[PDB]
Amino acid sequence: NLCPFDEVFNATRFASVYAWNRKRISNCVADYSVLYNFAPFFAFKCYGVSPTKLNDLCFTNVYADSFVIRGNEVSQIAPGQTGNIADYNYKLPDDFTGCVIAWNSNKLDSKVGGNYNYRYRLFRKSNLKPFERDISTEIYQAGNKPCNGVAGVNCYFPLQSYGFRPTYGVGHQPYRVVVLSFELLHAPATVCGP
Amino acid sequence: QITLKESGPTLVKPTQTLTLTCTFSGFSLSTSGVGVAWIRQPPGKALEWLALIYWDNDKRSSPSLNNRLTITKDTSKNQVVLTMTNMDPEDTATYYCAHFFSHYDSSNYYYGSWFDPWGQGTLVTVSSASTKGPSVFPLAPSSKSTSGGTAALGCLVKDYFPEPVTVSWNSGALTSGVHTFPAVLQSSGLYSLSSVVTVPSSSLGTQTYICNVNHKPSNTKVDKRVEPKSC
Amino acid sequence: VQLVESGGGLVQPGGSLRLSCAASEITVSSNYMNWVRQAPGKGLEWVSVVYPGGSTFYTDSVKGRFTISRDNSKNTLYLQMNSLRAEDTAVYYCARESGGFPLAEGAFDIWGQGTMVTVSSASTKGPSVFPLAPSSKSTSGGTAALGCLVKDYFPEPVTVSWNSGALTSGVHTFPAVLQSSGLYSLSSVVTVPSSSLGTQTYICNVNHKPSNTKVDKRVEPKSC
Amino acid sequence: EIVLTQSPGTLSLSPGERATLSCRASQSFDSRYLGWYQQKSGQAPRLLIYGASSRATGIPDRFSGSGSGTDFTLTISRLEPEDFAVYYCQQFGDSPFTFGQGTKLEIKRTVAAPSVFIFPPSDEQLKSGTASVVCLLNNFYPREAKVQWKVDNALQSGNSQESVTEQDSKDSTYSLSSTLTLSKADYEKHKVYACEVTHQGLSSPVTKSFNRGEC
Amino acid sequence: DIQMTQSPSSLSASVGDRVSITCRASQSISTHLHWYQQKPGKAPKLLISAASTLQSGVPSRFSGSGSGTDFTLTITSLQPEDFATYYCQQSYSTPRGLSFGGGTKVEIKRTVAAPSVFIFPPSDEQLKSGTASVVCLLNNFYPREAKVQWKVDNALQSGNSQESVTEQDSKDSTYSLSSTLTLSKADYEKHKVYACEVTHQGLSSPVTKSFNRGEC
Ligand SMILES: *[C@@H]1O[C@H](CO)[C@@H](O)[C@H](O)[C@H]1NC(C)=O
């Protein structure tokens, strides 16, 4: 009864960072060996657990967040980070446990004319709470006059699309990011290693 | 090695809609980076990209023609269907379906992309006039004695629709110098061409001249006699 | 959209100052707000940014000693500069980032007029006024020039007039240059015909407002 | 929209020598967005070079590409008799993806004069209510030629059609047929029907005519 | 650390002709480049967004093109009020890396002209306190390029000259220039003759203007 990490790390279509995808992993044996067995993963990185100790402990209520961001925005997926996606798209808590798997996906998430399926939030009056999602596509009012739902000046659409193209440099090429969260809790531990 | 073949209605009436089906073998619309493109070439003009559908059902169309162009895919039957509405007489062309692919190498570097194998191509026309058998008028060598044994004689196949007409001179026993000029769209949206053969004036009355002209859409099989006409 | 500046002046090195940007028709807290400085004679340089959510970023030169803030109550943006050094003498602009009708993301579409900040120990004082007479020649093509040299003053600007504004044609004031001693000087020259050298007495008036110097000096050729 | 202009419009080079083709883009895009395709006489175009410098699979080393900014070139070092076709540069920079106008590579030869012959309509075509007379110019090089029709030595314009054939497979010359279509009110209202031909292989234009009544 | 350069540093253009200015990045920046226009004594104004998008309210004569590492701003009919300084700014590197370009200056082009070259001595009044200023004045010269050198009894005076240049006038569109040497009393009192040599495109040969300390 292996955990469905293959679907998470092998899905054809990831989610946009403003509407990042959430999956609950529980009641299954998880072999994190396959995760590291992926050669191309450019960021197998984390803070509060040793990478070799993943298979040596049993957790409960594992969470997987999948999305796609720029190359230079990967550094914002970390505790205590400020930026665009960290403040308005995906806020990791300061006391985060679990960790982040980022790999280049220019071969898949990029089109010659530009891939406009991936999007991020640019405007928000206040920062996101940790692990909070916002999908409200309401005309952002950056000014006094209420335009009442029509775009224009001082009224902008809060979501902007990445123009992923295959000739972009490393830093603006698409990157697939999966954040695993190991939330220990007072319950029978479910997700154990081999 | 991969192949692509187009099929559909090669005789499309004006201000109506056509549907073209490209069946491809050697690949499937499931590999990442693989797409099917539709391109068209007007007769005597350069190519023009029409549409492009990807493996993940992402479709791109020319902005000047995206308002009347729909592209769909069937991975199970390995087919791509292009539907184009609101036809005009200038939309007559030859349509190709082509395989579109890119080349990354172990680091996603994108060493370019291309339109690799193109289909054989379907010549689609947009016109109102229906089929019509060609009218054959023999074209007579002029009144010359020898002129160094240089002459030409032919037959003119005019007022026929649609393309094409196949002309054979003496059933393959006269192919030396047979010029079959490309047919010209007449002013009434109709077709007319000349088929001539270069022959010596020293064999005028002893060598037989025939032109078997054939047109399947009108089922015209005419074996026209060409003979010298004097004054 | 209006962004009205305030708070400029002159300070000793190692001092401090506060710049204010009062916006209208837009909300300072709801927009990306930047401070961008431009040195006199050089190009634009981005200094600081504050996000709609309150996140702040600074360029490397002003890390630590510069801070940016906002006041929601009266919709203002504030820049507190501390430990000011001589490299901070510039014009500072309050700009709104990622706006405009086509939504120019990453671009500044609305700008303030900017305040002037000077950082020098020049010890504000008054300009000396020196006359300059042309060569002692009769006509030489009917071209002579007389000038007023304005020397050793801080800070800018200064007003130079000829005959208290009675002469305005052919007058060329040159931009003041920063002396190695921390003072400023310029020359204001004017070309007149030699035949008018005698019949037209000339006087150069220099009004340096911050030092309150009102100096009028006669301008006549010399005897060699 | 990105517009790609090829140069030269036409190009003729006998086998053995160097072929150079240029493609200039209106805008500036990455050099990896431009490819070169070759289309032969009545054939589907086939990929020749992708990425402006990466030769396609199976293409011989005689084809090379060099690109920079808004200037791209295709070089053919050894060009064989089977290497004469139309060459298109196309881009994948911005939608819509656009091709070039093309460049026809031509088989060079010595200059030859076109035989000019005239054929009248048949009696059936004197019966159909519309009579066409065809003027043929054969065995000439280069492709450039001009023909003018004259009804009773009066210039004709807008009442004739043209059709030039492709290069022959053995003699590399060209052939052309131009038809003049009239009615009976025009065919029996005059006497003289003439073609005057101006060709590079002819020092002077040649006027050649026939009369319906005499024959 | 995205170095951003502009070509040319300054160009002179007429009214109504097409002008193109280029911006080059040290590395490809996709289309994250914006074109601003700034008139003297004023704040910059955003002209072109995303290197290709005209802003609302900007006249259609301004156009932008390019991508990657090369970008161009093109003006079709350069109106008399289009003479300003144009900056290209990138928004690609990082929230702490919005570097600006050097800037391109556009000014009116006219015919060449020769300046009046005058020499102004250190007057006795300013000399009485040991602070002597000597002036070489160039009047009404076009174009802006000029060379000025200081001469004392065939000796070369370098390293202490100050240059003050006026921007193009709205009447004649020429330039004015002043070169000033400041010296203490005996750094002038001992020497004998002081000259200024000038070189301009509108002048066939350099001109020397010399005056004697002793005579006046
Ligand atoms: C991911 O999916 C592809 C295609 O379905 C498959 O070839 C590959 O083996 C999968 N990855 C792993 C780790 O099994």
Side-chain angles (χ1 to χ4, degrees), chain B residues 137-158 179 181 184 186-187 192-199 201 204 226 228-231, chain D residues 111-165 173-215:
Chain B
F137 317 115
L139 310 155
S142 63
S143 61
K144 59 176 90 157
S145 63
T146 299
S147 78
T150 311
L153 61 83
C155 58
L156 174 59
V157 287
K158 182 178 74 177
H179 295 285
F181 306 77
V184 179
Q186 293 159 272
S187 58
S192 57
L193 70 92
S194 297
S195 181
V196 67
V197 63
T198 47
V199 305
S201 296
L204 288 171
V226 183
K229 292 106 182 174
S230 302
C231 303
Chain D
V111 188
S115 296
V116 189
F117 295 138
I118 191 62
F119 311 120
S122 78
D123 286 332
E124 292 56 35
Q125 189 176 185
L126 275 298
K127 182 174 72 68
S128 86
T130 307
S132 303
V133 63
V134 62
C135 202
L136 176 139
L137 271 74
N138 199 352
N139 292 355
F140 59 95
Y141 182 76
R143 186 268 187 189
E144 182 65 26
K146 180 67 174 66
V147 62
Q148 180 70 58
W149 257 102
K150 293 187 286 185
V151 176
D152 269 3
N153 213 5
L155 266 70
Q156 305 294 304
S157 185
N159 56 5
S160 64
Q161 283 183 141
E162 189 276 331
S163 183
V164 60
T165 196
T173 64
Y174 288 96
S175 191
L176 171 145
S177 85
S178 187
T179 183
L180 176 139
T181 76
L182 282 179
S183 58
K184 306 300 178 290
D186 287 331
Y187 184 59
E188 295 83 331
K189 81 173 199 291
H190 281 291
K191 181 69 176 177
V192 175
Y193 304 107
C195 304
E196 62 86 19
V197 295
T198 289
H199 186 236
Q200 182 170 347
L202 292 185
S203 65
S204 72
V206 166
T207 294
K208 180 266 290 180
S209 184
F210 86 107
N211 296 319
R212 47 168 179 81
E214 59 87 20
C215 198

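Each chain gets a letter, A, B and so on, in the order its sequence line appears, and its residues count up from 1.
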Exercise. What is the minimum heavy-atom distance between D:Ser183 and D:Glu188, and which atoms define it?
Worked result: O-OE1, 4.3 Å

For this session: Not counting sequence neighbours, which residues clear ring pair (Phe, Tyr, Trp, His ring centres under 6.0 Å) with D:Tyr193? List them please.
Result: D:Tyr187, D:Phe210

Exercise. If every non-hydrogen atom of B:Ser192 is compared with every non-hydrogen atom of B:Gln186, which pair is closest and at what distance?
Worked result: OG-CG, 3.3 Å

For this session: Say whether, by atom type as modelled, one donor and one acceptor occur between the side chain of B:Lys144 and the main chain of B:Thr150 under 3.5 angstrom.
Result: yes

Problem set entry | With D:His199 via side chain to side chain donor-acceptor pair (under 3.5 Å) - residues at least two apart | none

For this session: Flag the pair D:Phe119 / B:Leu153 as yes when at least one side-chain heavy-atom distance between them is below 4.5 Å, and no otherwise.
Result: no

For this session: Given side chain to side chain contact (heavy atoms under 4.5 Å, CB included), test B:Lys158 with D:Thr179 step by step and report yes or no.
Result: CA-CA 11 Å; B:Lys158 182 178 74 177; D:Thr179 183; over 6 Å; no

For this session: Take B:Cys155 and B:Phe137, measure what side chain to side chain contact (heavy atoms under 4.5 Å, CB included) needs, and give me the verdict at the end.
Result: CA-CA 6 Å; B:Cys155 58; B:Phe137 317 115; over 6 Å; no

Problem set entry | B:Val157/B:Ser195 under side chain to side chain contact (heavy atoms under 4.5 Å, CB included): CA gap, chis, key distance, verdict | CA-CA 8 Å; B:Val157 287; B:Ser195 181; 5.8 Å; no

For this session: Please lay out, stage by stage, how D:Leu136 and B:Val196 fare under the test side chain to side chain contact (heavy atoms under 4.5 Å, CB included).
Result: CA-CA 9 Å; D:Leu136 176 139; B:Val196 67; 3.6 Å; yes

Problem set entry | Polar side-chain atom of D:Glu162 near backbone of D:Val164 as donor-acceptor pair, under 3.5 Å | yes

Exercise. Between D:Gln148 and D:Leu155, what is the shortest heavy-atom contact and its length?
Worked result: CG-CG, 3.9 Å

For this session: Applying salt bridge (charged side-chain N to carboxylate O under 4.0 Å, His left out), name anything that partners D:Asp186, two or more places apart in sequence or on another chain.
Result: D:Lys189

Problem set entry | Considering all heavy atoms, the nearest D:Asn138-B:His179 contact | ND2-NE2, 3.4 Å

